[PDB]
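# Structural overview
Spelled out, the chains give:
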Amino acid sequence: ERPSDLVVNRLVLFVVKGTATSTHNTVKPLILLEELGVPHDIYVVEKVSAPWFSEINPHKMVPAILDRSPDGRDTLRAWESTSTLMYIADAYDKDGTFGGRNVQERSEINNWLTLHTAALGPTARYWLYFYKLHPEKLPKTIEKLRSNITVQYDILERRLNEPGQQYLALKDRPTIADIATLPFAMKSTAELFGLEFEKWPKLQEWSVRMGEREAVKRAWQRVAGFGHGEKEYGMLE
Amino acid sequence: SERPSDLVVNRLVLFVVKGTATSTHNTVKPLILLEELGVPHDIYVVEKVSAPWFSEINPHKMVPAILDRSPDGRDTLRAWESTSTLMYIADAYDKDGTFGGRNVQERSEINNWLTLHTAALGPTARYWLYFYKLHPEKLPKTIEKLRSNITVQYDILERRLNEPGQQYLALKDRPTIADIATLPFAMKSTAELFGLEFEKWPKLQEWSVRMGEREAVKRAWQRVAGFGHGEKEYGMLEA
């Protein structure tokens with residue numbers, strides 16, 4: 001049931017129409033693609049409920065990836081934003097600049113990547129659901145989720161207060177752990193949650209340091225635009 | 001913070017708590033992989049996860065956690081979050097990628113199904129359990145929505161295991177860290193806790209039995225239940 005314009009000649013990143021609250025997961029793989037200069041296409045999904053899309057991601061959410069296998073004879077897929085970061089690092093980051101160069105680096109990268117994937121990420125996702133999408137309003141649930149966000153900010157703040165710890169996983173450079181965390185740990189997102197981001201100064205300084213990277217600027221610029229160009233849905237450009 | 005005198009890192013040390021019906025569903029995950037690969041390891045039964053010395057290992061103040069020697073033996077490494085403990089054991093000890101994946105194609109699907117548990121199943125189960133038992137007030141509308149999300153997640157796993165020759169979640173041929181991560185939240189006992197009839201997902205049930213029949217899985221479940229009930233209640237157990 002695949003749309004006619006869906007072809008996989010290179011990495012295809014699946015996104016939706018760009019809004020303030022539709023881009024915080026899709027921007028993650030886009031940042032890493034921009035950091036590594038990976039050739040890729042953008043596919044704007046009209047309906048994530050469409051049967052053809054569930055064959056790619058059974059969880060029926062963006063981001064998702066279709067790409068050629070290393071030998072180029074088969075197609076493979078990545079879904080869940082953390083999984084898209086793990087795939088891009090595996091396939092395209094051969095020097096381990098963002099994925100980690102050894103067991104030691106990867107131990108810490110996986111600690112802070114998994115902490116985001118298991119705690120802040122899902123908590124932020126449930127907060128957004130109950131705050132906007134759920135038919136009924138449940139303030140007690142929304143407040144508890146907001147409370148849990150501040151606990152995760154406290155953990156990140158502690159880490160970034162350790163001597164010479166410029167980034168979450170490694171002291172020297174940002175990794176897929178930092179890319180996964182940034183969209184749910186920046187001033188704009190903090191303000192959406194109704195939090196004063198200045199209460200976590202080292203986390204705020206970290207979010208600014210990440211935001212000054214050219215690949216991060218390019219990612220935020222592009223993700224906002226998807227679906228608002230001459231072509232509303234389907235394969236862009 | 002000073003570590004307890006009996007905490008030394010001569011090999012992989014897995015941090016657990018005293019074995020109970022409600023304390024083992026995460027700690028069993030790394031233990032299953034350690035048993036599958038025959039990795040040499042010690043067991044440390046943590047009395048108080050609130051202890052400052054333990055927060056220096058895992059800032060999230062939960063088990064499982066790991067301390068281990070670096071490959072070269074110069075440094076001490078750490079792994080925390082159960083999914084991260086599986087990643088670390090696979091990286092350090094699974095040289096043939098028997099559970100970690102042998103190529104980019106295998107690892108793509110392993111990381112999909114692993115992360116589905118880490119990001120969706122695990123947090124949904126944790127929030128259900130929190131609102132059902134731990135939260136001072138009962139919020140049945142929240143609990144019912146989380147229970148609903150569990151059935152959708154069971155539907156996804158069932159769909160995958162209905163695909164021709166798909167015997168395991170990630171790979172057709174063998175179980176991986178994806179299967180190990182998922183098993184405790186997709187088995188009959190857990191389904192009954194959620195108030196669900198597990199027979200509604202027959203291929204998922206068949207998969208849970210297939211995983212449960214593995215010798216390493218049997219050994220893991222026995223050992224996690226026993227920790228802290230031997231000759232030593234807390235601290236480094238004597239293998």
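Residues numbered from 1 in each chain as written, not as in the entry; some residues may be left out. Chains lettered and ligands numbered in written order. Heavy atoms only, no water.

In its metadata, the entry names X-ray crystallography as the structure determination method and reports 1.7000 Å as the resolution.

### Let's talk about the overall build of chain B
Condition: Put simply, DSSP H or I for four residues or longer makes a helix, DSSP E for two residues or longer makes a strand, and each gets a number counted from the N terminus. Throughout, radius of gyration means the C-alpha value; the globule benchmark is 2.2 Å times the number of residues raised to the power 0.38. Buried means the residue's accessible area, taken with a 1.4 Å probe over protein chains only, is under 20% of the maximum for its type, while exposed means over 50%, and partly exposed covers the values in between. This count recognises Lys and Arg as positive and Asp and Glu as negative, with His and chain-terminal groups excluded. Here the site of a charge means atom NZ of a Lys, CZ of an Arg, CG of an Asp or CD of a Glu.
Across its full length, chain B holds 9 helices and 5 strands. Written out in order from the N terminus, the α and β elements of chain B read β-α-β-α-β-β-α-α-α-α-α-α-α-β. Radius of gyration (C-alpha) of chain B: 18 Å, near the 18 Å computed for a compact globule of 239 residues. Over its C-alpha atoms, taken along the principal directions, chain B stretches across nearly 50 × 50 × 30 Å. Counting every position in chain B, which comprises 239 residues, the buried fraction comes to 58%. Once the 31 positive and 32 negative side-chain charges of chain B are each reduced to a mean point, those two points are 3 Å apart.

### A few points about the UniProt feature "domain: GST C-terminal" (unreviewed entry) in chain B
Rule in force here: UniProt positions are given in the numbering used here, feature names are shortened, and annotations may be inferred rather than shown by experiment.
With numbering matched to this structure, UniProt assigns "domain: GST C-terminal" (unreviewed entry) to residues 103-236 of chain B. Between the C-alpha atoms that bound residues 103-236 of chain B there is a distance of 37 Å. The span itself is 66% helix and 1% strand.

### Points about the interface of chain A and chain B
Worth spelling out the cut-off: Two residues form a contact once any of their heavy atoms are found within 4.5 Å. Two parts placed together each lose some accessible area under a 1.4 Å probe, and the buried area is that loss summed for both. Put simply, a salt bridge is a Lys or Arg side-chain nitrogen that is within 4 Å of an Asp or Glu carboxyl oxygen. What qualifies as a polar contact is a pair of N or O atoms within 3.5 Å, subject to a donor-acceptor requirement within protein and to the restriction that residues adjacent in sequence count only when both atoms come from side chains.
In this assembly, 50 residues from chain A lie in contact with 46 residues from chain B. Taking both partners together, chain A and chain B bury about 4,200 Å²; carbon and sulfur atoms supply 58% of that area. There are 6 salt bridges connecting chain A and chain B. Taken together, the connections running from chain A to chain B amount to 25 residue pairs in polar contact. Where the side of chain A that touches chain B is concerned, the elements lending two or more residues are strand 4 (75-79), helix 3 (81-92), helix 4 (103-133) and helix 5 (139-159) of chain A. Among the elements that make up the side of chain A that touches chain B, the one with the highest residue count is helix 4 of chain A (19 residues).

### Digging into the sheet that holds strand 3 (residues 64-68) of chain A
For clarity, the cut-off: Think of it this way: DSSP has to see at least two bridges between two strands before they count as a pair.
Strand order in the open sheet formed by 5 strands is 4-3-1-2-5 (chain A), with mixed pairing between adjacent strands. At either margin of the open sheet sits one strand with a lone partner, and together these are strand 4 and strand 5 (234-235) of chain A.

### Section: the packing of aromatic side chains
So the rule is basically this: Stacked, tilted and edge-to-face are the three classes assigned to paired rings of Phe, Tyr and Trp, where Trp is represented by its six-membered ring and a pair needs centres within 6.5 Å; plane angles under 30 degrees give stacked, over 60 edge-to-face, the rest tilted.
Scanning the model with the defined rule gives 27 aromatic pairs over all chains in all. Ring geometry for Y130 of chain B against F131 of chain B: centres 5.2 Å apart, planes inclined by 75 degrees, an arrangement best described as edge-to-face. Residue classification places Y130 of chain B among the buried residues on the basis of a relative accessible area of 17%. For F131 of chain B, a relative accessible area of 2% gives the class buried. Every member of this aromatic cluster is reached through a ring pair, and the members are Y126, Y129 and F130 of chain A together with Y127, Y130 and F131 of chain B.

### Looking at the nonpolar core
Applied cut-off: Among the buried residues, those of types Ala, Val, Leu, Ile, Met, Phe, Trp, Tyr and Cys that are joined through side-chain atoms within 4.5 Å form a nonpolar core.
Counting 160 residues, the largest nonpolar core has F14 and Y153 of chain A together with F15 and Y154 of chain B as the members making the most contacts within it. What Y154 of chain B contacts, discounting residues up to four positions off in sequence, is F185, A186, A191, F194, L196, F198, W201 and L204 of chain B.

### Comments concerning the UniProt feature "domain: GST N-terminal" (unreviewed entry) in chain A
Per the UniProt annotation, the sites labelled "domain: GST N-terminal" (unreviewed entry) are residues 13-96 of chain A. With 31% helix and 21% strand, the stretch residues 13-96 of chain A has end C-alpha atoms that lie 21 Å from each other.

### Thoughts on the pairing of strand 3 of chain A
All names here are of chain A. When you tally the buried positions in strand 3, you get 4 out of 5 residues, the bulk of the element. In the sheet, strand 1 (residues 11-15) pairs with strand 3 via 3 bridges, with the strands oriented antiparallel. Looking across to strand 3, one finds that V12 is bridged to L66. In this sheet, strand 4 lies alongside strand 3 in antiparallel orientation, the contact comprising 5 bridges. Residue pairing in the sheet places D67 in a bridge with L76 of strand 4.

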